[PDB]
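Reviewing the structure listed below.
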Amino acid sequence: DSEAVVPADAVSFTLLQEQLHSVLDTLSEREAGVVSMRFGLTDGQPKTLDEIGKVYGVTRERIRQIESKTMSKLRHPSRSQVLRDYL
DNA sequence: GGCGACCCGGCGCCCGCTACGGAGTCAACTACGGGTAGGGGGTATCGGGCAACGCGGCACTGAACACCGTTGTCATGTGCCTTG
């Protein structure tokens with residue numbers, strides 16, 4: 001069957017979740033939060049940049065600028081060795 | 001007319017696992033009518049990229065004072081020489 005949850009894949013996904021969440025915890029609180037909402041780690045629906053700029057109280061271009069800032073920071077080789085292997 | 005065999009159905013099972021071949025199938029027709037489903041066409045709505053402002057760290061503004069620190073300064077005290 002195809003509907004079976006392969007234990008190896010499920011456990012790898014859980015480990016990826018934990019490692020990624022730790023990596024965001026390395027980032028600043030606001031930066032980690034905004035990138036999380038932009039990619040919906042907390043909830044299955046990611047929020048657009050303007051969509052993030054309502055609960056947090058930032059403007060769509062301001063939140064956009066920090067989204068660019070988050071993507072850069074997670075792109076430095078520091079917080080990249082761990083997540084390269086998980087793909 | 002309940003016993004009785006007998007008859008019959010009817011059923012029930014028939015050690016363990018791995019490991020180990022392939023495969024794949026004979027007989028209507030057309031007309032309509034709708035409804036949906038897709039196609040492009042065009043349109044309101046949401047999202048991403050630049051100019052003006054605000055900060056914020058520090059930095060300069062040294063300017064204006066302060067902190068030691070220094071050789072200015074000195075009227076006023078020991079030591080030798082001359083005279084009582």
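Residues in the structure tokens are named by chain (A, B, ... in the order shown) and by number from 1 within that chain; ligands are numbered from 1 in the order shown.
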
Just asking: which residues within chain A are alpha helix (DSSP H) according to DSSP, as a VMD selection string? chain A and resid 7 to 26 29 to 39 49 to 52 60 to 73 81 to 86

Once you have the residues from the selection above, write them out as a PDB file, in the first residue's frame, restricted to C-alpha atoms.
```pdb
ATOM      1  CA  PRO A   7       8.453   4.824  10.047  1.00  0.00           C
ATOM      2  CA  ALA A   8      11.793   6.041   8.692  1.00  0.00           C
ATOM      3  CA  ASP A   9      10.176   8.902   6.781  1.00  0.00           C
ATOM      4  CA  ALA A  10       7.938   9.915   9.692  1.00  0.00           C
ATOM      5  CA  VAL A  11      10.817   9.940  12.167  1.00  0.00           C
ATOM      6  CA  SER A  12      13.061  11.831   9.740  1.00  0.00           C
ATOM      7  CA  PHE A  13      10.311  14.421   9.304  1.00  0.00           C
ATOM      8  CA  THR A  14       9.943  14.783  13.075  1.00  0.00           C
ATOM      9  CA  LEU A  15      13.705  15.215  13.468  1.00  0.00           C
ATOM     10  CA  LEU A  16      13.637  17.826  10.701  1.00  0.00           C
ATOM     11  CA  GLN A  17      10.844  19.642  12.536  1.00  0.00           C
ATOM     12  CA  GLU A  18      12.814  19.680  15.779  1.00  0.00           C
ATOM     13  CA  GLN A  19      16.091  20.742  14.151  1.00  0.00           C
ATOM     14  CA  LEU A  20      14.414  23.508  12.145  1.00  0.00           C
ATOM     15  CA  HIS A  21      12.527  24.832  15.172  1.00  0.00           C
ATOM     16  CA  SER A  22      15.783  24.889  17.137  1.00  0.00           C
ATOM     17  CA  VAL A  23      17.472  26.752  14.275  1.00  0.00           C
ATOM     18  CA  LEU A  24      14.755  29.414  14.339  1.00  0.00           C
ATOM     19  CA  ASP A  25      15.127  29.577  18.122  1.00  0.00           C
ATOM     20  CA  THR A  26      18.746  30.484  17.379  1.00  0.00           C
ATOM     21  CA  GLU A  29      12.423  36.154  18.625  1.00  0.00           C
ATOM     22  CA  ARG A  30      10.783  38.564  16.180  1.00  0.00           C
ATOM     23  CA  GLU A  31      12.766  37.278  13.189  1.00  0.00           C
ATOM     24  CA  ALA A  32      12.018  33.631  13.978  1.00  0.00           C
ATOM     25  CA  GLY A  33       8.347  34.414  14.528  1.00  0.00           C
ATOM     26  CA  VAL A  34       7.904  36.356  11.305  1.00  0.00           C
ATOM     27  CA  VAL A  35       9.660  33.723   9.196  1.00  0.00           C
ATOM     28  CA  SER A  36       7.540  31.054  10.905  1.00  0.00           C
ATOM     29  CA  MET A  37       4.303  32.807   9.946  1.00  0.00           C
ATOM     30  CA  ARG A  38       5.650  33.499   6.451  1.00  0.00           C
ATOM     31  CA  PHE A  39       6.195  29.736   6.095  1.00  0.00           C
ATOM     32  CA  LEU A  49       3.949  39.411   4.179  1.00  0.00           C
ATOM     33  CA  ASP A  50       1.084  41.890   4.479  1.00  0.00           C
ATOM     34  CA  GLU A  51      -0.903  39.126   6.187  1.00  0.00           C
ATOM     35  CA  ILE A  52       1.815  39.044   8.851  1.00  0.00           C
ATOM     36  CA  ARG A  60       3.909  45.031   4.485  1.00  0.00           C
ATOM     37  CA  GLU A  61       7.177  46.520   3.223  1.00  0.00           C
ATOM     38  CA  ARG A  62       8.695  46.537   6.725  1.00  0.00           C
ATOM     39  CA  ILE A  63       7.738  42.903   7.324  1.00  0.00           C
ATOM     40  CA  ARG A  64       8.967  42.160   3.792  1.00  0.00           C
ATOM     41  CA  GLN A  65      12.336  43.702   4.629  1.00  0.00           C
ATOM     42  CA  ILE A  66      12.672  41.528   7.732  1.00  0.00           C
ATOM     43  CA  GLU A  67      11.541  38.489   5.741  1.00  0.00           C
ATOM     44  CA  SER A  68      14.429  39.183   3.395  1.00  0.00           C
ATOM     45  CA  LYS A  69      16.576  39.599   6.468  1.00  0.00           C
ATOM     46  CA  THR A  70      15.486  36.252   7.885  1.00  0.00           C
ATOM     47  CA  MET A  71      16.102  34.431   4.625  1.00  0.00           C
ATOM     48  CA  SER A  72      19.600  35.900   4.451  1.00  0.00           C
ATOM     49  CA  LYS A  73      20.477  34.998   8.056  1.00  0.00           C
ATOM     50  CA  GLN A  81      25.154  22.655   7.696  1.00  0.00           C
ATOM     51  CA  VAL A  82      22.410  20.945   9.703  1.00  0.00           C
ATOM     52  CA  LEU A  83      19.565  21.518   7.238  1.00  0.00           C
ATOM     53  CA  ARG A  84      21.491  20.672   4.049  1.00  0.00           C
ATOM     54  CA  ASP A  85      21.390  16.927   4.740  1.00  0.00           C
ATOM     55  CA  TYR A  86      17.653  16.855   5.598  1.00  0.00           C
TER      56      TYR A  86
END
```

Using only C-alpha atoms (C1' of nucleotides), I'd like a table of the residues in chain B that come within 12 Å of chain A; for each, show the closest atom pair and its distance in Å rounded to one decimal, ordered by chain and ascending number, as a tab-separated table.
```
residue	atom	partner	partner_atom	distance
B:46	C1'	A:50	CA	9.6
B:47	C1'	A:50	CA	8.1
B:48	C1'	A:61	CA	8.7
B:49	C1'	A:61	CA	9.2
B:50	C1'	A:61	CA	10.8
```

Just write the chosen residues, N, CA and C atoms (P, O5', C5', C4', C3', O3' and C1' of nucleotides), as an mmCIF file, in the first residue's frame.
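Produced file result38.cif, reproduced below:
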```
data_model
loop_
_atom_site.group_PDB
_atom_site.id
_atom_site.type_symbol
_atom_site.label_atom_id
_atom_site.label_comp_id
_atom_site.auth_asym_id
_atom_site.auth_seq_id
_atom_site.Cartn_x
_atom_site.Cartn_y
_atom_site.Cartn_z
ATOM 1 P P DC B 46 -8.359 42.514 -1.756
ATOM 2 O "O5'" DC B 46 -6.899 41.866 -1.814
ATOM 3 C "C5'" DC B 46 -6.759 40.459 -1.974
ATOM 4 C "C4'" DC B 46 -5.367 40.098 -2.457
ATOM 5 C "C3'" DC B 46 -4.231 40.527 -1.524
ATOM 6 O "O3'" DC B 46 -3.291 39.467 -1.359
ATOM 7 C "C1'" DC B 46 -3.862 41.401 -3.697
ATOM 8 P P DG B 47 -2.122 39.573 -0.261
ATOM 9 O "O5'" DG B 47 -0.810 39.153 -1.073
ATOM 10 C "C5'" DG B 47 -0.714 39.482 -2.450
ATOM 11 C "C4'" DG B 47 0.714 39.384 -2.963
ATOM 12 C "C3'" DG B 47 1.810 39.726 -1.967
ATOM 13 O "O3'" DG B 47 3.034 39.093 -2.344
ATOM 14 C "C1'" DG B 47 1.578 41.493 -3.548
ATOM 15 P P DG B 48 4.375 39.316 -1.488
ATOM 16 O "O5'" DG B 48 5.325 40.137 -2.483
ATOM 17 C "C5'" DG B 48 5.708 39.559 -3.731
ATOM 18 C "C4'" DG B 48 6.365 40.582 -4.645
ATOM 19 C "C3'" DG B 48 7.668 41.186 -4.116
ATOM 20 O "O3'" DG B 48 8.644 41.248 -5.161
ATOM 21 C "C1'" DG B 48 6.136 42.916 -4.602
ATOM 22 P P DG B 49 10.205 41.430 -4.822
ATOM 23 O "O5'" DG B 49 10.619 42.741 -5.641
ATOM 24 C "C5'" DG B 49 9.849 43.922 -5.501
ATOM 25 C "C4'" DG B 49 10.354 45.032 -6.401
ATOM 26 C "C3'" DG B 49 11.612 45.733 -5.923
ATOM 27 O "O3'" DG B 49 12.330 46.293 -7.034
ATOM 28 C "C1'" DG B 49 9.690 47.130 -5.572
ATOM 29 P P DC B 50 13.582 47.272 -6.798
ATOM 30 O "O5'" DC B 50 12.911 48.725 -6.769
ATOM 31 C "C5'" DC B 50 13.546 49.796 -6.088
ATOM 32 C "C4'" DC B 50 12.890 51.120 -6.440
ATOM 33 C "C3'" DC B 50 13.552 52.346 -5.823
ATOM 34 O "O3'" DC B 50 13.603 53.414 -6.762
ATOM 35 C "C1'" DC B 50 11.308 52.124 -4.994
#
```

For atom CA of residue 78 of chain A and atom CA of residue 47 of chain A, quote the distance in Å rounded to one decimal. 26.6 Å
